[PDB]
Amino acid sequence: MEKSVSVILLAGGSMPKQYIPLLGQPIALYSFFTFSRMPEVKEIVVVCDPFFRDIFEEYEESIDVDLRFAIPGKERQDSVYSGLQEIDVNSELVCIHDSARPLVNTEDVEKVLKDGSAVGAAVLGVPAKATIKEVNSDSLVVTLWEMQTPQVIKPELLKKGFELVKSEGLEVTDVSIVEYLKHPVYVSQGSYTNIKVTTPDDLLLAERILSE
């Protein structure tokens, strides 16, 4: 199913971390070009402070997908929703991705697109290597996976989910908007290299991984 996915790529709000360059180019660019090459991908909706709009339209013509823009919102979920407002009337999947993960493998995006297609919603994850416990309010201890991005959701579902949060309330992140839904979320096994970039010790890391 070709050109069937709309990407919502999150890059909104010294140098803003998803623009700190990695080897040569700003961080938001690695993931951005990965999705641009996949035939599945019809259009990209970038979520960014206009000041950074240029970082993107400068490759609009060397790219076999449609570029699009929408403005961010106050919280991580408002931007997603602003992103959602611009996607092709007829896209079958929304693929929400966070700029600060520049190292997402094409092969893992393919898998999670397939799983979001089969299930309706999927997210890439890896088995948490730390010992994690739930702790109760008295600080006593009461198979776990670490969640990454993309999250791949059918847009009808994602919308049903926005409007169930909007009616009532609450976004914590297990909040996905789609946690609340009763519809299933599949977790596609990803790669420990799809790290998120925050500390320049990440970049130090990001770089080590581009070398390998």
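One rule holds for the numbers: they count along the sequence shown, beginning at 1.
- Gap between residue 13 and residue 14: 4 to 9 deposited residues without coordinates.
- Going from residue 173 to residue 174, you skip over 1 to 3 residues of the deposited sequence that the entry leaves unmodelled.
- As recorded in the PDB entry, 155-163 is the stretch of 36-44 and 155-163 with the greater mean C-alpha temperature factor.
- Of the two segments, 131-139 and 103-111, the one listed with the higher mean B-factor is 131-139 (C-alpha atoms only).
- In this structure the maximum Cα B-factor among 177, 63, 185, 29 is found at 177.
- Per the deposited record, the Cα B-factor of residue 9 falls in the lowest third when ranked against the other modelled residues of its chain.
- When the CA B factors of the chain's modelled residues are split into thirds, the value for residue 83 lands in the middle one.
- Annotation for residue 189: CA B-factor lies in the lowest third of the chain's modelled residues.
- Ranked by C-alpha B-factor against the other modelled residues of its chain, residue 93 falls in the middle third.
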